[PDB]
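For reference, the structure is listed below as structure tokens.
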Number of protein chains: 2
Amino acid sequence: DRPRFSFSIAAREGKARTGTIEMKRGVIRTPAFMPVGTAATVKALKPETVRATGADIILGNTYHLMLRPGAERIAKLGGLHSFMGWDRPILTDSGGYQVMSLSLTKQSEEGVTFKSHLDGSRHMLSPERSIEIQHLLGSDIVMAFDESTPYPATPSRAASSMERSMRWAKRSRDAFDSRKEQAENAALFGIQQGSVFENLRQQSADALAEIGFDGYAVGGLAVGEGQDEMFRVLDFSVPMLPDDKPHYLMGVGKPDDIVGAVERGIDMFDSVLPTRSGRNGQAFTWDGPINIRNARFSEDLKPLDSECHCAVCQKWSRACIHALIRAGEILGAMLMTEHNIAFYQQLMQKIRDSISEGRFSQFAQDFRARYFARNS
Amino acid sequence: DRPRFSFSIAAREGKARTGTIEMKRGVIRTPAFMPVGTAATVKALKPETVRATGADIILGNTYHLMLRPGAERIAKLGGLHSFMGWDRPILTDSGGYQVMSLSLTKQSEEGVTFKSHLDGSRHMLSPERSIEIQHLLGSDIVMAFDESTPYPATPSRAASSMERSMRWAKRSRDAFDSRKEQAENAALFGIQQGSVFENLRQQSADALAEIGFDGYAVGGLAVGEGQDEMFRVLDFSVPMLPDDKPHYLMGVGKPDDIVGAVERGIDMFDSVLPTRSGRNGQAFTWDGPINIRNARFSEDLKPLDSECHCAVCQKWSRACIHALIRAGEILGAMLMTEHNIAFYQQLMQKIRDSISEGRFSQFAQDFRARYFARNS
Ligand SMILES: [Zn+2]
Ligand SMILES: [Zn+2]
């Protein structure tokens with residue numbers, strides 16, 4: 001029998017860690033990359049294809065799921081795992097970020113009321129409502145509901161949102177604990193806030209550790225600050241969180257962002273980049289991203305990446321993917337997307353192996369030299 | 001205003017002719033190749049794609065259409081042109097060949113009763129019933145109903161089927177003439193029979209010319225006799241038919257069959273070969289057919305054929321079509337099929353142009369030397 005949630009660290013190198021999260025629906029290898037999940041339709045990669053890229057867990061966007069088809073409908077269909085055809089762990093976000101970035105009728109300490117950008121209907125989110133919707137979705141890792149502060153934020157607005165987020169973190173904790181079916185079978189992560197300000201980040205860390213969570217996310221980054229500033233904030237923010245629990249950097253990111261974040265102690269990542277790039281004709285490679293529409297690929301018989309061992313690179317040449325993309329054939333975008341997600345998983349595997357072997361610092365330096373030289 | 005049916009010969013070279021058939025729905029350039037038509041679904045090439053290969057007319061199989069979805073249903077949907085999304089001329093066969101080769105309850109001078117190889121239901125064909133079904137389909141060129149004699153045939157069975165076919169030809173003529181809507185707007189072809197026997201072929205020709213048709217088909221070939229014997233029979237059979245009317249060789253054939261048949265006076269052809277080959281990974285080229293699954297094409301950046309100007313060859317390499325076919329992707333079979341039909345139309349255009357210029361005899365010799373050398 002596997003446990004509800006058990007994080008184990010197998011090896012360390014400086015701030016970097018590798019290990020596993022054991023949950024009832026499966027084992028997650030860390031550092032982990034979560035692809036953003038979709039309904040199982042003909043428009044998206046099949047779930048068996050996503051699993052075969054190496055993904056151990058996928059992410060569901062609560063905001064989009066509550067607009068279409070709705071959380072009650074997903075519960076009636078058997079839950080998010082049945083809906084997505086994915087029987088391994090699923091992490092759901094709280095919905096709060098998309099409320100700021102996509103939807104907004106009322107805002108107060110109680111919660112938020114907002115209008116669907118689809119059909120204008122009114123919806124409500126709060127710590128209690130978010131946790132309940134994530135219960136209806138049946139997700140394995142639940143994110144606490146917080147308040148996002150746009151970039152850039154004044155020190156006053158950053159302090160105010162961080163303090164509200166910590167009161168909302170306690171409310172998410174109590175809501176999660178109130179449902180025995182959820183509390184016995186899922187896990188709950190809290191989210192550190194405080195923008196670029198060290199004292200606010202420390203205030204937030206202390207409040208979260210006092211409440212107590214299964215994992216801790218670093219929020220408020222990857223919203224336009226640039227990598228240098230993001231790394232500077234990670235430098236002091238990650239050591240503030242409890243060492244024996246997973247650290248999750250939400251919405252990051254490009255491959256070099258991930259490598260540097262793992263160097264700073266992050267264990268978990270999610271990003272739409274591999275899928276967005278795949279649909280726009282961009283492939284990630286060890287030599288940097290390439291635009292497959294470029295004429296120089298029209299006669300290039302090599303795979304997208306010379307070392308990738310994804311199913312696409314064992315079979316398909318740059319020239320043929322170039323031909324499919326230039327013709328507008330959906331197969332072209334599917335192959336690009338599969339390779340990009342698999343490339344991210346291969347990046348995580350090399351990170352994990354190099355930490356295990358105590359050579360991650362060298363891997364990161366070798367990785368950057370080659371990725372930025374762009375000898376593709 | 002275009003006429004019901006006007007065949008005009010623009011140029012001759014020996015027995016070969018080139019010209020046009022003008023009909024109400026369009027002009028047919030001769031010698032002509034008719035691809036075998038299908039319902040407009042996602043499984044088959046779109047009708048606009050078939051037209052863009054150069055096809056002026058397509059063939060409908062009466063036997064298959066009367067089994068599914070049935071001729072009355074096709075009439076209710078607006079006729080075969082609406083059903084196939086094809087607004088240019090359509091030739092329909094009589095159904096009689098598929099009765100022998102695919103279905104058979106009763107046979108007599110009256111007609112035939114047979115069982116659907118699909119659902120076992122009973123159907124009836126006769127000169128009168130065939131012409132009526134082809135009227136319900138709304139086709140532009142109607143084939144007379146005859147009796148096929150299997151290969152090889154004894155002289156006695158060949159004489160008996162030929163004589164019945166000529167009595168059935170008269171009955172088809174009278175049935176076609178009995179419907180003003182059909183007789184004013186469509187054309188009727190009779191079919192010469194007589195197997196390999198010169199005296200029976202002459203008997204058949206005389207009977208058909210006495211009845212009088214808009215066009216004359218040479219039946220009973222391409223059923224296993226081999227090309228040498230087929231050419232030998234064409235040598236004496238085609239001159240027996242009226243010179244100022246089109247000559248149609250049913251079910252032929254391979255590119256070299258077509259060239260040699262045009263040398264012997266044939267104006268019209270149909271064959272499932274380009275489509276069957278396309279779905280089985282075989283492409284026709286000026287250097288003979290190629291099997292695109294062969295490993296030697298996996299890195300071959302040239303198009304299927306070096307001189308073909310079809311839409312596929314302007315864009316797609318052998319290597320990429322090889323990759324699609326080996327992966328089982330329907331796009332691969334579609335591209336092969338489009339190229340094969342377009343290659344046949346380009347063969348007909350080169351035949352027409354070379355006859356016009358009085359160099360067809362040399363084209364045929366050059367064609368055979370290169371096609372059979374197979375330097376692909
Ligand atoms: Zn790959
Ligand atoms: Zn071609």
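For the structure tokens, the naming scheme is as follows: chains receive sequential letters (A, B, ...) according to their order of presentation, residues are indexed from 1 within each chain, and ligands are indexed from 1 in presentation order.
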With 12 Å as the limit and counting only C-alpha atoms, what residues in chain A lie close to chain B? Please list them as a ChimeraX atom specification. /A:298-302,311-312,314-324,326-327,329-332
Please, which residues of stretch 134-298 of chain B, numbered as in this document, come out strand (DSSP E) from DSSP, as JSON, numbers by chain? {"B": [141, 142, 143, 187, 188, 189, 190, 191, 192, 215, 216, 217, 218, 247, 248, 249, 268, 269, 270, 282, 283, 290, 291]}
Just the selected residues (N, CA, C and O atoms), exported as a tab-separated table (two decimals), in the first residue's frame, please.
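The file below, again.tsv, is the result:
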chain	number	residue	atom	x	y	z
B	141	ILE	N	-22.86	9.71	-69.24
B	141	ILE	CA	-22.63	8.63	-70.20
B	141	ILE	C	-23.10	7.34	-69.55
B	141	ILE	O	-22.66	7.00	-68.45
B	142	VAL	N	-24.01	6.65	-70.24
B	142	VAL	CA	-24.67	5.43	-69.79
B	142	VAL	C	-24.10	4.27	-70.59
B	142	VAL	O	-23.98	4.36	-71.82
B	143	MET	N	-23.74	3.18	-69.91
B	143	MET	CA	-23.25	1.97	-70.56
B	143	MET	C	-24.39	0.99	-70.76
B	143	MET	O	-25.18	0.75	-69.84
B	187	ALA	N	-25.73	10.36	-72.94
B	187	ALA	CA	-25.27	9.61	-74.09
B	187	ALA	C	-25.21	8.14	-73.71
B	187	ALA	O	-25.12	7.79	-72.53
B	188	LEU	N	-25.26	7.27	-74.72
B	188	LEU	CA	-25.30	5.83	-74.52
B	188	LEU	C	-24.18	5.15	-75.31
B	188	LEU	O	-24.07	5.37	-76.52
B	189	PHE	N	-23.39	4.31	-74.64
B	189	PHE	CA	-22.34	3.54	-75.29
B	189	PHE	C	-22.75	2.07	-75.36
B	189	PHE	O	-23.31	1.53	-74.39
B	190	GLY	N	-22.45	1.42	-76.50
B	190	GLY	CA	-22.58	-0.02	-76.62
B	190	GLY	C	-21.23	-0.70	-76.44
B	190	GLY	O	-20.18	-0.07	-76.53
B	191	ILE	N	-21.25	-2.01	-76.20
B	191	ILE	CA	-20.04	-2.74	-75.81
B	191	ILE	C	-19.81	-3.90	-76.76
B	191	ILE	O	-20.65	-4.81	-76.86
B	192	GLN	N	-18.65	-3.91	-77.42
B	192	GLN	CA	-18.29	-5.01	-78.31
B	192	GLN	C	-17.79	-6.19	-77.50
B	192	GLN	O	-17.02	-6.04	-76.55
B	215	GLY	N	-21.09	6.02	-78.57
B	215	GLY	CA	-19.73	5.57	-78.38
B	215	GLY	C	-19.72	4.07	-78.29
B	215	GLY	O	-20.76	3.43	-78.09
B	216	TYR	N	-18.53	3.50	-78.45
B	216	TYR	CA	-18.38	2.05	-78.54
B	216	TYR	C	-17.25	1.62	-77.63
B	216	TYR	O	-16.12	2.09	-77.76
B	217	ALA	N	-17.56	0.70	-76.72
B	217	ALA	CA	-16.56	0.16	-75.82
B	217	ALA	C	-16.09	-1.20	-76.33
B	217	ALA	O	-16.83	-1.93	-76.99
B	218	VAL	N	-14.84	-1.51	-76.03
B	218	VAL	CA	-14.28	-2.83	-76.30
B	218	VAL	C	-14.32	-3.58	-74.98
B	218	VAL	O	-13.58	-3.25	-74.06
B	247	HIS	N	-13.97	5.42	-78.82
B	247	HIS	CA	-13.69	4.03	-78.50
B	247	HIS	C	-13.18	3.93	-77.06
B	247	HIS	O	-12.21	4.60	-76.71
B	248	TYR	N	-13.80	3.07	-76.26
B	248	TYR	CA	-13.55	3.03	-74.82
B	248	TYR	C	-13.10	1.62	-74.43
B	248	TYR	O	-13.82	0.65	-74.64
B	249	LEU	N	-11.90	1.51	-73.85
B	249	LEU	CA	-11.37	0.22	-73.41
B	249	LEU	C	-11.60	0.10	-71.90
B	249	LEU	O	-10.94	0.79	-71.12
B	268	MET	N	-10.60	6.24	-74.62
B	268	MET	CA	-11.07	6.38	-73.25
B	268	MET	C	-10.66	5.17	-72.42
B	268	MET	O	-10.70	4.03	-72.89
B	269	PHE	N	-10.34	5.43	-71.15
B	269	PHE	CA	-9.82	4.44	-70.21
B	269	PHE	C	-10.40	4.68	-68.83
B	269	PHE	O	-10.71	5.82	-68.47
B	270	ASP	N	-10.48	3.61	-68.04
B	270	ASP	CA	-10.74	3.69	-66.60
B	270	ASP	C	-9.97	2.57	-65.91
B	270	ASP	O	-9.79	1.49	-66.49
B	282	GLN	N	2.34	2.05	-53.49
B	282	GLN	CA	2.98	2.01	-54.81
B	282	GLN	C	2.69	3.31	-55.57
B	282	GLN	O	1.53	3.73	-55.68
B	283	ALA	N	3.74	3.92	-56.10
B	283	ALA	CA	3.64	5.14	-56.89
B	283	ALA	C	4.06	4.86	-58.32
B	283	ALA	O	5.08	4.20	-58.56
B	290	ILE	N	7.23	2.39	-58.17
B	290	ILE	CA	8.14	2.22	-57.03
B	290	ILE	C	7.33	1.88	-55.79
B	290	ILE	O	6.18	2.29	-55.65
B	291	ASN	N	7.95	1.13	-54.88
B	291	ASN	CA	7.35	0.77	-53.60
B	291	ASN	C	7.95	1.70	-52.55
B	291	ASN	O	9.12	1.54	-52.17
Closest contacts (chain A/ligand 1, max 9 Å, only C-alpha atoms and all ligand atoms) as a Markdown table:
| residue | atom | partner | partner_atom_place_in_ligand_line | distance |
| --- | --- | --- | --- | --- |
| A:283 | CA | ligand 1 | 1 (Zn) | 8.8 |
| A:284 | CA | ligand 1 | 1 (Zn) | 8.6 |
| A:285 | CA | ligand 1 | 1 (Zn) | 8.1 |
| A:303 | CA | ligand 1 | 1 (Zn) | 7.3 |
| A:304 | CA | ligand 1 | 1 (Zn) | 6.1 |
| A:305 | CA | ligand 1 | 1 (Zn) | 5.9 |
| A:306 | CA | ligand 1 | 1 (Zn) | 8.3 |
| A:307 | CA | ligand 1 | 1 (Zn) | 7.9 |
| A:308 | CA | ligand 1 | 1 (Zn) | 4.6 |
| A:309 | CA | ligand 1 | 1 (Zn) | 5.8 |
| A:310 | CA | ligand 1 | 1 (Zn) | 4.2 |
| A:311 | CA | ligand 1 | 1 (Zn) | 6.6 |
| A:312 | CA | ligand 1 | 1 (Zn) | 5.3 |
| A:313 | CA | ligand 1 | 1 (Zn) | 4.2 |
| A:314 | CA | ligand 1 | 1 (Zn) | 7.4 |
| A:316 | CA | ligand 1 | 1 (Zn) | 8.9 |
| A:335 | CA | ligand 1 | 1 (Zn) | 8.7 |
| A:336 | CA | ligand 1 | 1 (Zn) | 8.1 |
| A:338 | CA | ligand 1 | 1 (Zn) | 7.6 |
| A:339 | CA | ligand 1 | 1 (Zn) | 4.1 |
| A:340 | CA | ligand 1 | 1 (Zn) | 6.8 |
| A:341 | CA | ligand 1 | 1 (Zn) | 8.6 |
| A:342 | CA | ligand 1 | 1 (Zn) | 6.4 |
| A:343 | CA | ligand 1 | 1 (Zn) | 5.9 |
Please, what distance in Å, to one decimal, runs between atom CA of residue A:24 and atom CA of residue A:144?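 Atom CA of residue A:144 lies 20.4 Å from atom CA of residue A:24.
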Mind the document's chain letters and residue numbers, and return as a PyMOL selection string the residues of stretch 73-302 of chain A that DSSP labels helix (DSSP H, G or I). chain A and resi 73-76+80-84+96-102+127-137+155-177+180-183+198-211+227-240+255-262+273-279+295-297
Near residue A:98, counting only C-alpha atoms, which residues have an atom at most 12 Å away, once you skip same-chain residues fewer than 5 positions from it, shown as a list in words?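 Non-adjacent residues within range: residues 61, 62, 63, 64, 65, 66, 67, 93, 103, 104, 112, 114, 115, 116, 117, 125, 145, 146, 147, 148 and 150 of chain A.
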Residues from the last selection, N, CA and C atoms, saved as a compact mmCIF listing (two decimals), in the first residue's frame:
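For reference, selection.txt as written:
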# COMPACT_ATOMS: atom_id res chain seq x y z
N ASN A 61 -6.10 23.09 -14.70
CA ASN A 61 -6.42 24.50 -14.44
C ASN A 61 -7.86 24.60 -13.94
N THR A 62 -8.02 24.77 -12.63
CA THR A 62 -9.33 24.86 -12.01
C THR A 62 -10.22 25.92 -12.65
N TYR A 63 -9.66 27.08 -12.98
CA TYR A 63 -10.48 28.16 -13.54
C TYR A 63 -11.12 27.73 -14.86
N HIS A 64 -10.34 27.13 -15.75
CA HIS A 64 -10.90 26.71 -17.03
C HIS A 64 -11.89 25.57 -16.87
N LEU A 65 -11.60 24.64 -15.95
CA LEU A 65 -12.49 23.50 -15.73
C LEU A 65 -13.81 23.93 -15.11
N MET A 66 -13.80 24.95 -14.25
CA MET A 66 -15.06 25.39 -13.66
C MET A 66 -15.90 26.22 -14.63
N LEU A 67 -15.30 26.76 -15.70
CA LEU A 67 -16.09 27.43 -16.72
C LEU A 67 -16.65 26.45 -17.74
N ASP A 93 -4.35 23.76 -9.74
CA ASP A 93 -4.15 25.09 -9.19
C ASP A 93 -5.46 25.60 -8.58
N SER A 103 -10.25 37.01 -16.23
CA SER A 103 -11.64 37.40 -15.99
C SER A 103 -11.79 38.89 -15.71
N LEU A 104 -14.21 40.27 -13.56
CA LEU A 104 -13.99 40.42 -12.12
C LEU A 104 -14.97 41.43 -11.53
N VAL A 112 -13.77 36.43 -4.18
CA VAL A 112 -13.92 37.17 -5.42
C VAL A 112 -15.13 36.65 -6.18
N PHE A 114 -16.55 36.93 -10.20
CA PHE A 114 -16.00 37.29 -11.50
C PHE A 114 -16.92 36.79 -12.60
N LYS A 115 -16.70 37.32 -13.80
CA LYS A 115 -17.50 36.98 -14.97
C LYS A 115 -16.71 36.06 -15.88
N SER A 116 -17.36 35.00 -16.35
CA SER A 116 -16.73 34.09 -17.30
C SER A 116 -16.39 34.83 -18.58
N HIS A 117 -15.11 34.78 -18.98
CA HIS A 117 -14.74 35.37 -20.26
C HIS A 117 -15.37 34.64 -21.44
N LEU A 125 -15.01 32.52 -6.22
CA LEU A 125 -13.91 31.78 -5.64
C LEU A 125 -13.54 32.40 -4.31
N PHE A 145 -5.73 28.71 -2.06
CA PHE A 145 -6.18 29.90 -2.77
C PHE A 145 -5.49 31.14 -2.20
N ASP A 146 -4.92 31.96 -3.08
CA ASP A 146 -4.25 33.18 -2.63
C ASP A 146 -4.66 34.36 -3.52
N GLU A 147 -4.07 35.52 -3.24
CA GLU A 147 -4.29 36.74 -4.01
C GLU A 147 -3.01 37.11 -4.73
N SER A 148 -3.08 37.21 -6.06
CA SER A 148 -1.93 37.58 -6.87
C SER A 148 -1.81 39.10 -6.96
N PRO A 150 -0.09 42.06 -9.25
CA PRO A 150 0.50 42.18 -10.59
C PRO A 150 1.91 42.75 -10.58
Find the spatial neighbours of stretch 160-164 of chain A, counting only C-alpha atoms, within a cut-off of 10 Å - ignore same-chain residues fewer than 5 positions away - and output them as a PyMOL selection string. chain A and resi 108-109+146-149+153-155+169+191-195+200-201+203-204+207+220
Could you pull the residues within 7 Å of stretch 17-23 of chain A, counting only C-alpha atoms, minus those fewer than 5 positions along the same chain, as number ranges by chain? A: 2-12, 28-31, 265, 352, 355-356
Pick out the closest residue to ligand 2 from this set: B:280, B:134, B:53, B:275. Count only C-alpha atoms and all ligand atoms. B:53
All residues 6 Å or closer to stretch 74-76 of chain A, only C-alpha atoms, same chain fewer than 2 positions away omitted, as a compact mmCIF listing (two decimals) with N, CA, C and O atoms, in the first residue's frame:
# COMPACT_ATOMS: atom_id res chain seq x y z
N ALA A 71 -17.37 22.01 -12.61
CA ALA A 71 -16.83 21.02 -11.69
C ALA A 71 -17.86 19.96 -11.34
O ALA A 71 -17.52 18.78 -11.16
N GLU A 72 -19.13 20.35 -11.21
CA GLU A 72 -20.17 19.37 -10.92
C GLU A 72 -20.30 18.36 -12.05
O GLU A 72 -20.48 17.16 -11.82
N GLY A 78 -17.15 11.11 -13.11
CA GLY A 78 -16.20 10.29 -12.39
C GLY A 78 -14.99 11.02 -11.87
O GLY A 78 -14.12 10.39 -11.25
N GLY A 79 -14.90 12.33 -12.08
CA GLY A 79 -13.76 13.09 -11.62
C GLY A 79 -12.77 13.39 -12.74
O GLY A 79 -12.86 12.88 -13.86
N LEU A 136 -14.21 18.38 -5.80
CA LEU A 136 -15.10 17.87 -6.84
C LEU A 136 -14.30 17.36 -8.03
O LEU A 136 -14.70 16.37 -8.67
N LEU A 137 -13.20 18.03 -8.38
CA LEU A 137 -12.35 17.54 -9.45
C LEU A 137 -11.62 16.26 -9.06
O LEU A 137 -11.22 15.49 -9.94
Residues within 9 Å of residue B:182, only C-alpha atoms, excluding chain neighbours under 6 positions, as number ranges by chain: B: 135, 138-140, 176
